[PDB]
Amino acid sequence: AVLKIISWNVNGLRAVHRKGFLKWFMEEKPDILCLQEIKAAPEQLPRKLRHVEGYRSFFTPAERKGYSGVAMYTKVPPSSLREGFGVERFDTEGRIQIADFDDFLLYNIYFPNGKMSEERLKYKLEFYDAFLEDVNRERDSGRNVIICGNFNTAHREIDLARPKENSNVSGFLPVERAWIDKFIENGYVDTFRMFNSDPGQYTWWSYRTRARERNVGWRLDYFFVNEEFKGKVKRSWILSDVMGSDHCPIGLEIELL
DNA sequence: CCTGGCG
DNA sequence: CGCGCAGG
């Protein structure tokens, strides 16, 4: 009895719907699908997206018209669904879906991009900070956590095609690479690295300069568990072939109880 | 129906 | 490049 979970930074759900989304969503059959950067409120989506037979859908849209936003489809509904950490700034941008699956917490997080500004960065890290204290509190409470989404940060050099030219860009800043160390040091396993240790494995590629076409990308989308849960995940992979976004989907699968 | 934020 | 958004 294995639970397949998919994360995807979708970059416009209305757009991905126009590029075969649902077709894939039913071909690939995941018990939980977490989507990030949805760029929509639910009343903007076609009913075909709001209502997917088999799945209860949940949407956390920002209070900024078609910006950010996370979503989730799921066969077995969560016992409850939290949408923020407890700080307005982070809570109001459709970035947080913590969904209690009475077995584990599934954290669907779209972490802030810090490319575009120093004050939008910073926000990214303070967001990171707010997330950690939170996940800590939950797994200290003995709750097992699965965290997926768009971290917007390559952890180590191996997590992007061109680390060296990228030292100064947000996404591979030593400041942000630091936090993931902290994050892991706090007892979280980068589930993908539990299986693959090869380079050139990515989940993001710049649209401009047609980067995807030749694998010149980054690994920004992650599946994480707590050390204590490491045992019960039996594959974290990357759906490198799924199209219609500058990111791509990443898969996990876990176990019964 | 084009065209000119964030990522 | 791509998404969406607003507003001529």
# chains A, B, ... in the order shown; residues from 1 in each chain; ligands from 1
>>> residues_around(residues="residue 4 (chain C)", least_positions_apart="6", cutoff="8 Å", atoms="only C-alpha atoms (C1' of nucleotides)", output="PyMOL selection string")
chain A and resi 12+39+66-67
>>> write_last_selection(atoms="N, CA and C atoms", output="short mmCIF file (atom, residue, chain, number, x, y, z; two decimals), in the first residue's frame")
data_model
loop_
_atom_site.label_atom_id
_atom_site.label_comp_id
_atom_site.auth_asym_id
_atom_site.auth_seq_id
_atom_site.Cartn_x
_atom_site.Cartn_y
_atom_site.Cartn_z
N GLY A 12 1.35 29.00 -13.73
CA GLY A 12 0.08 29.24 -14.42
C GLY A 12 -0.71 27.96 -14.66
N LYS A 39 -0.98 30.95 -10.01
CA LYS A 39 -1.34 32.21 -10.67
C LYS A 39 -2.83 32.30 -11.00
N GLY A 66 -3.84 36.69 -9.60
CA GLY A 66 -3.03 35.75 -10.38
C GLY A 66 -1.53 35.80 -10.18
N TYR A 67 -1.11 35.84 -8.92
CA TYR A 67 0.30 35.75 -8.56
C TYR A 67 0.47 34.73 -7.46
#
>>> closest_atom_pairs(of="chain B", to="chain A", cutoff="12 Å", atoms="only C-alpha atoms (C1' of nucleotides)", output="CSV")
residue,atom,partner,partner_atom,distance
B:5,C1',A:67,CA,9.7
B:6,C1',A:116,CA,7.7
B:7,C1',A:113,CA,7.4
>>> closest_residue(among="A:155, A:143, A:212, A:122", to="chain C", atoms="only C-alpha atoms (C1' of nucleotides)")
A:212
>>> interface_residues(of="chain C", to="chain A", cutoff="7 Å", atoms="only C-alpha atoms (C1' of nucleotides)", output="PyMOL selection string")
chain C and resi 1-4
>>> residues_around(residues="residue 186 (chain A)", least_positions_apart="5", cutoff="9 Å", atoms="only C-alpha atoms (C1' of nucleotides)", output="count of residues only")
4
>>> residues_around(residues="residue 198 (chain A)", least_positions_apart="4", cutoff="10 Å", atoms="only C-alpha atoms (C1' of nucleotides)", output="number ranges by chain")
A: 158-159, 193
>>> select_by_dssp(residues="region 10-251 of chain A", states="helix (DSSP H, G or I)", output="ChimeraX atom specification")
/A:13-18,21-27,42-44,47-50,88-91,120-140,157-159,164-166,174-185,191-194,208-210,212-214,230-232
>>> closest_residue(among="A:72, A:64, A:229, A:161", to="residue 5 (chain C)", atoms="only C-alpha atoms (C1' of nucleotides)")
A:64
>>> atom_distance(atom1="CA of residue 22 (chain A)", atom2="CA of residue 217 (chain A)")
25.4 Å
>>> select_by_dssp(residues="region 39-242 of chain A", states="strand (DSSP E or B)", output="ChimeraX atom specification")
/A:52,55-60,70-74,80-82,96-100,105-110,145-150,160,188-190,204,218,221-226,236-238
>>> write_last_selection(atoms="C-alpha atoms", output="PDB file, in the first residue's frame")
ATOM      1  CA  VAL A  52     -11.411  16.379 -10.901  1.00  0.00           C
ATOM      2  CA  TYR A  55      -9.933  14.166  -6.096  1.00  0.00           C
ATOM      3  CA  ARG A  56     -10.970  16.783  -3.603  1.00  0.00           C
ATOM      4  CA  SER A  57      -9.219  19.990  -4.659  1.00  0.00           C
ATOM      5  CA  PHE A  58      -7.916  22.696  -2.328  1.00  0.00           C
ATOM      6  CA  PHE A  59      -6.656  26.115  -3.383  1.00  0.00           C
ATOM      7  CA  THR A  60      -4.652  28.722  -1.556  1.00  0.00           C
ATOM      8  CA  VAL A  70      -0.527  26.825  -4.295  1.00  0.00           C
ATOM      9  CA  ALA A  71      -3.054  24.062  -4.875  1.00  0.00           C
ATOM     10  CA  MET A  72      -3.618  20.426  -3.991  1.00  0.00           C
ATOM     11  CA  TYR A  73      -5.640  17.480  -5.290  1.00  0.00           C
ATOM     12  CA  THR A  74      -5.992  14.381  -3.165  1.00  0.00           C
ATOM     13  CA  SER A  80      -7.614  19.457   8.249  1.00  0.00           C
ATOM     14  CA  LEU A  81      -5.819  21.994   6.081  1.00  0.00           C
ATOM     15  CA  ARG A  82      -3.783  24.927   7.373  1.00  0.00           C
ATOM     16  CA  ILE A  96       1.366  27.578   2.328  1.00  0.00           C
ATOM     17  CA  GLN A  97      -0.724  24.437   2.358  1.00  0.00           C
ATOM     18  CA  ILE A  98      -0.035  22.252   5.365  1.00  0.00           C
ATOM     19  CA  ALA A  99      -2.446  19.348   5.082  1.00  0.00           C
ATOM     20  CA  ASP A 100      -2.916  16.893   7.950  1.00  0.00           C
ATOM     21  CA  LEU A 105       1.822  16.385   7.568  1.00  0.00           C
ATOM     22  CA  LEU A 106       2.062  17.239   3.886  1.00  0.00           C
ATOM     23  CA  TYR A 107       3.632  20.674   3.482  1.00  0.00           C
ATOM     24  CA  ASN A 108       2.873  22.192   0.099  1.00  0.00           C
ATOM     25  CA  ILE A 109       5.058  25.280  -0.009  1.00  0.00           C
ATOM     26  CA  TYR A 110       5.916  27.755  -2.715  1.00  0.00           C
ATOM     27  CA  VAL A 145       6.359  15.707   7.883  1.00  0.00           C
ATOM     28  CA  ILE A 146       6.579  15.529   4.110  1.00  0.00           C
ATOM     29  CA  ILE A 147       7.532  18.860   2.551  1.00  0.00           C
ATOM     30  CA  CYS A 148       7.468  19.501  -1.169  1.00  0.00           C
ATOM     31  CA  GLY A 149       7.315  22.587  -3.316  1.00  0.00           C
ATOM     32  CA  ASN A 150       9.459  25.232  -4.926  1.00  0.00           C
ATOM     33  CA  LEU A 160      22.536  23.274 -10.914  1.00  0.00           C
ATOM     34  CA  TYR A 188      15.315  16.618   7.351  1.00  0.00           C
ATOM     35  CA  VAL A 189      16.371  14.313   4.533  1.00  0.00           C
ATOM     36  CA  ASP A 190      16.432  15.489   0.908  1.00  0.00           C
ATOM     37  CA  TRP A 204      13.907  23.972 -13.365  1.00  0.00           C
ATOM     38  CA  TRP A 218      18.551  23.840 -11.599  1.00  0.00           C
ATOM     39  CA  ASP A 221      11.660  21.698  -6.351  1.00  0.00           C
ATOM     40  CA  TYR A 222      12.254  19.323  -3.446  1.00  0.00           C
ATOM     41  CA  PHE A 223      10.700  16.480  -1.516  1.00  0.00           C
ATOM     42  CA  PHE A 224      11.844  16.434   2.108  1.00  0.00           C
ATOM     43  CA  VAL A 225      11.021  14.216   5.092  1.00  0.00           C
ATOM     44  CA  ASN A 226      12.142  14.148   8.721  1.00  0.00           C
ATOM     45  CA  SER A 236      11.868  10.071  -4.794  1.00  0.00           C
ATOM     46  CA  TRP A 237      12.345  10.690  -8.507  1.00  0.00           C
ATOM     47  CA  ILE A 238      12.007  13.486 -11.064  1.00  0.00           C
TER      48      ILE A 238
END
>>> residues_around(residues="residue 257 (chain A)", least_positions_apart="5", cutoff="12 Å", atoms="only C-alpha atoms (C1' of nucleotides)", output="number ranges by chain")
A: 1-3, 101-104, 232
>>> atom_distance(atom1="CA of residue 242 (chain A)", atom2="CA of residue 26 (chain A)")
13.1 Å
>>> residues_around(residues="residue 86 (chain A)", least_positions_apart="3", cutoff="10 Å", atoms="only C-alpha atoms (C1' of nucleotides)", output="ChimeraX atom specification")
/A:83,89-91,130,134
>>> residues_around(residues="residue 169 (chain A)", least_positions_apart="6", cutoff="12 Å", atoms="only C-alpha atoms (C1' of nucleotides)", output="list in words")
residues 113, 114, 115, 116, 117, 118, 121, 152, 153, 154, 162, 163, 175, 176 and 177 of chain A
>>> atom_distance(atom1="CA of residue 126 (chain A)", atom2="CA of residue 88 (chain A)")
12.4 Å
>>> decode(residues="region 205-255 of chain A", atoms="N, CA and C atoms", output="mmCIF file, in the first residue's frame")
data_model
loop_
_atom_site.group_PDB
_atom_site.id
_atom_site.type_symbol
_atom_site.label_atom_id
_atom_site.label_comp_id
_atom_site.auth_asym_id
_atom_site.auth_seq_id
_atom_site.Cartn_x
_atom_site.Cartn_y
_atom_site.Cartn_z
ATOM 1 N N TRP A 205 14.387 24.999 -15.513
ATOM 2 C CA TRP A 205 15.210 25.502 -16.605
ATOM 3 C C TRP A 205 14.618 26.789 -17.151
ATOM 4 N N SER A 206 15.452 27.819 -17.262
ATOM 5 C CA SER A 206 15.076 29.100 -17.860
ATOM 6 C C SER A 206 14.390 28.926 -19.225
ATOM 7 N N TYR A 207 13.246 29.591 -19.405
ATOM 8 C CA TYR A 207 12.536 29.604 -20.691
ATOM 9 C C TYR A 207 13.410 30.236 -21.761
ATOM 10 N N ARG A 208 13.815 31.490 -21.537
ATOM 11 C CA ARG A 208 14.753 32.159 -22.443
ATOM 12 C C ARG A 208 16.052 31.373 -22.527
ATOM 13 N N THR A 209 16.744 31.511 -23.655
ATOM 14 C CA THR A 209 17.851 30.619 -24.033
ATOM 15 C C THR A 209 17.494 29.122 -23.981
ATOM 16 N N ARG A 210 16.246 28.798 -24.329
ATOM 17 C CA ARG A 210 15.781 27.408 -24.506
ATOM 18 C C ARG A 210 16.606 26.361 -23.720
ATOM 19 N N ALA A 211 16.772 26.598 -22.417
ATOM 20 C CA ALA A 211 17.676 25.812 -21.572
ATOM 21 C C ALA A 211 17.282 24.341 -21.400
ATOM 22 N N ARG A 212 15.996 24.086 -21.168
ATOM 23 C CA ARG A 212 15.458 22.725 -20.982
ATOM 24 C C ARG A 212 15.968 21.753 -22.044
ATOM 25 N N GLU A 213 15.907 22.201 -23.299
ATOM 26 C CA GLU A 213 16.287 21.445 -24.503
ATOM 27 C C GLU A 213 17.619 20.695 -24.414
ATOM 28 N N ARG A 214 18.504 21.192 -23.554
ATOM 29 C CA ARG A 214 19.855 20.654 -23.401
ATOM 30 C C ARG A 214 20.266 20.516 -21.919
ATOM 31 N N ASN A 215 19.262 20.488 -21.042
ATOM 32 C CA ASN A 215 19.429 20.207 -19.614
ATOM 33 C C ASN A 215 20.291 21.200 -18.820
ATOM 34 N N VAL A 216 20.349 22.450 -19.273
ATOM 35 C CA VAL A 216 21.073 23.497 -18.547
ATOM 36 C C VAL A 216 20.155 24.141 -17.497
ATOM 37 N N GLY A 217 19.937 23.421 -16.396
ATOM 38 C CA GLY A 217 18.978 23.849 -15.379
ATOM 39 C C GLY A 217 19.395 23.793 -13.915
ATOM 40 N N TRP A 218 18.388 23.744 -13.043
ATOM 41 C CA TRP A 218 18.551 23.840 -11.599
ATOM 42 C C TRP A 218 17.654 22.815 -10.945
ATOM 43 N N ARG A 219 17.970 22.442 -9.710
ATOM 44 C CA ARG A 219 17.042 21.666 -8.903
ATOM 45 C C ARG A 219 16.491 22.550 -7.783
ATOM 46 N N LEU A 220 15.239 22.986 -7.954
ATOM 47 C CA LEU A 220 14.617 23.958 -7.059
ATOM 48 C C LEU A 220 13.433 23.377 -6.311
ATOM 49 N N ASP A 221 12.839 22.343 -6.900
ATOM 50 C CA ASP A 221 11.660 21.698 -6.351
ATOM 51 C C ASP A 221 12.112 20.469 -5.593
ATOM 52 N N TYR A 222 11.758 20.395 -4.313
ATOM 53 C CA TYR A 222 12.254 19.323 -3.446
ATOM 54 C C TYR A 222 11.174 18.558 -2.718
ATOM 55 N N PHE A 223 11.455 17.283 -2.464
ATOM 56 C CA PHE A 223 10.700 16.480 -1.516
ATOM 57 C C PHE A 223 11.585 16.214 -0.305
ATOM 58 N N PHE A 224 11.093 16.582 0.872
ATOM 59 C CA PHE A 224 11.844 16.434 2.108
ATOM 60 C C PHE A 224 11.008 15.648 3.101
ATOM 61 N N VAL A 225 11.656 14.795 3.896
ATOM 62 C CA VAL A 225 11.021 14.216 5.092
ATOM 63 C C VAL A 225 11.858 14.532 6.327
ATOM 64 N N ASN A 226 11.365 14.116 7.489
ATOM 65 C CA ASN A 226 12.142 14.148 8.721
ATOM 66 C C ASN A 226 12.942 12.857 8.869
ATOM 67 N N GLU A 227 14.130 12.948 9.481
ATOM 68 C CA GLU A 227 15.025 11.793 9.655
ATOM 69 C C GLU A 227 14.237 10.549 10.054
ATOM 70 N N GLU A 228 13.278 10.763 10.950
ATOM 71 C CA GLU A 228 12.491 9.712 11.568
ATOM 72 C C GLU A 228 11.572 9.010 10.565
ATOM 73 N N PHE A 229 11.371 9.637 9.405
ATOM 74 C CA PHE A 229 10.474 9.115 8.372
ATOM 75 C C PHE A 229 11.225 8.530 7.170
ATOM 76 N N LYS A 230 12.489 8.928 7.022
ATOM 77 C CA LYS A 230 13.415 8.412 5.996
ATOM 78 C C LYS A 230 13.108 6.975 5.566
ATOM 79 N N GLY A 231 12.934 6.094 6.550
ATOM 80 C CA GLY A 231 12.715 4.671 6.312
ATOM 81 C C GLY A 231 11.603 4.354 5.334
ATOM 82 N N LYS A 232 10.464 5.028 5.503
ATOM 83 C CA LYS A 232 9.203 4.640 4.847
ATOM 84 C C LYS A 232 8.935 5.238 3.457
ATOM 85 N N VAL A 233 9.911 5.951 2.893
ATOM 86 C CA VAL A 233 9.839 6.391 1.490
ATOM 87 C C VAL A 233 10.670 5.476 0.574
ATOM 88 N N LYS A 234 10.004 4.950 -0.451
ATOM 89 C CA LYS A 234 10.562 3.941 -1.349
ATOM 90 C C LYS A 234 10.612 4.465 -2.776
ATOM 91 N N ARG A 235 10.979 5.738 -2.878
ATOM 92 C CA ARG A 235 11.477 6.398 -4.094
ATOM 93 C C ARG A 235 11.056 7.854 -4.194
ATOM 94 N N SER A 236 12.055 8.687 -4.445
ATOM 95 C CA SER A 236 11.868 10.071 -4.794
ATOM 96 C C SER A 236 12.566 10.248 -6.136
ATOM 97 N N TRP A 237 11.788 10.532 -7.173
ATOM 98 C CA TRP A 237 12.345 10.690 -8.507
ATOM 99 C C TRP A 237 11.980 12.052 -9.097
ATOM 100 N N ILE A 238 12.326 12.252 -10.362
ATOM 101 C CA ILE A 238 12.007 13.486 -11.064
ATOM 102 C C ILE A 238 11.318 13.154 -12.382
ATOM 103 N N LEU A 239 10.151 13.753 -12.607
ATOM 104 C CA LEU A 239 9.426 13.573 -13.869
ATOM 105 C C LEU A 239 9.953 14.524 -14.950
ATOM 106 N N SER A 240 11.182 14.276 -15.395
ATOM 107 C CA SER A 240 11.894 15.171 -16.314
ATOM 108 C C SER A 240 11.223 15.376 -17.680
ATOM 109 N N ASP A 241 10.322 14.462 -18.047
ATOM 110 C CA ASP A 241 9.736 14.417 -19.399
ATOM 111 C C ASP A 241 8.385 15.129 -19.559
ATOM 112 N N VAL A 242 7.701 15.327 -18.435
ATOM 113 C CA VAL A 242 6.474 16.122 -18.371
ATOM 114 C C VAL A 242 6.715 17.594 -18.735
ATOM 115 N N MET A 243 5.957 18.075 -19.719
ATOM 116 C CA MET A 243 6.144 19.411 -20.296
ATOM 117 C C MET A 243 5.169 20.489 -19.791
ATOM 118 N N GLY A 244 5.298 21.697 -20.343
ATOM 119 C CA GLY A 244 4.329 22.778 -20.118
ATOM 120 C C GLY A 244 4.557 23.689 -18.927
ATOM 121 N N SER A 245 5.824 23.843 -18.556
ATOM 122 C CA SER A 245 6.264 24.664 -17.426
ATOM 123 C C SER A 245 7.781 24.753 -17.460
ATOM 124 N N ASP A 246 8.324 25.833 -16.902
ATOM 125 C CA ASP A 246 9.776 25.991 -16.802
ATOM 126 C C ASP A 246 10.351 25.116 -15.695
ATOM 127 N N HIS A 247 9.553 24.875 -14.659
ATOM 128 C CA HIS A 247 9.801 23.788 -13.725
ATOM 129 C C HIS A 247 9.285 22.486 -14.325
ATOM 130 N N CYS A 248 9.461 21.392 -13.601
ATOM 131 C CA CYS A 248 8.830 20.133 -13.966
ATOM 132 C C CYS A 248 8.346 19.452 -12.694
ATOM 133 N N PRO A 249 7.558 18.378 -12.834
ATOM 134 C CA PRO A 249 7.072 17.698 -11.649
ATOM 135 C C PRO A 249 8.097 16.754 -11.028
ATOM 136 N N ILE A 250 7.972 16.547 -9.721
ATOM 137 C CA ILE A 250 8.830 15.624 -8.995
ATOM 138 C C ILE A 250 7.973 14.679 -8.181
ATOM 139 N N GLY A 251 8.354 13.409 -8.170
ATOM 140 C CA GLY A 251 7.545 12.395 -7.524
ATOM 141 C C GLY A 251 8.164 11.835 -6.270
ATOM 142 N N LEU A 252 7.302 11.494 -5.323
ATOM 143 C CA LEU A 252 7.663 10.710 -4.157
ATOM 144 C C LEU A 252 6.787 9.453 -4.153
ATOM 145 N N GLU A 253 7.096 8.498 -3.285
ATOM 146 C CA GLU A 253 6.087 7.524 -2.867
ATOM 147 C C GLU A 253 6.426 6.932 -1.498
ATOM 148 N N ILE A 254 5.418 6.815 -0.634
ATOM 149 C CA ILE A 254 5.630 6.367 0.747
ATOM 150 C C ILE A 254 4.893 5.050 1.074
ATOM 151 N N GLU A 255 4.464 4.867 2.333
ATOM 152 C CA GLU A 255 3.990 3.552 2.826
ATOM 153 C C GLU A 255 2.722 3.525 3.714
#
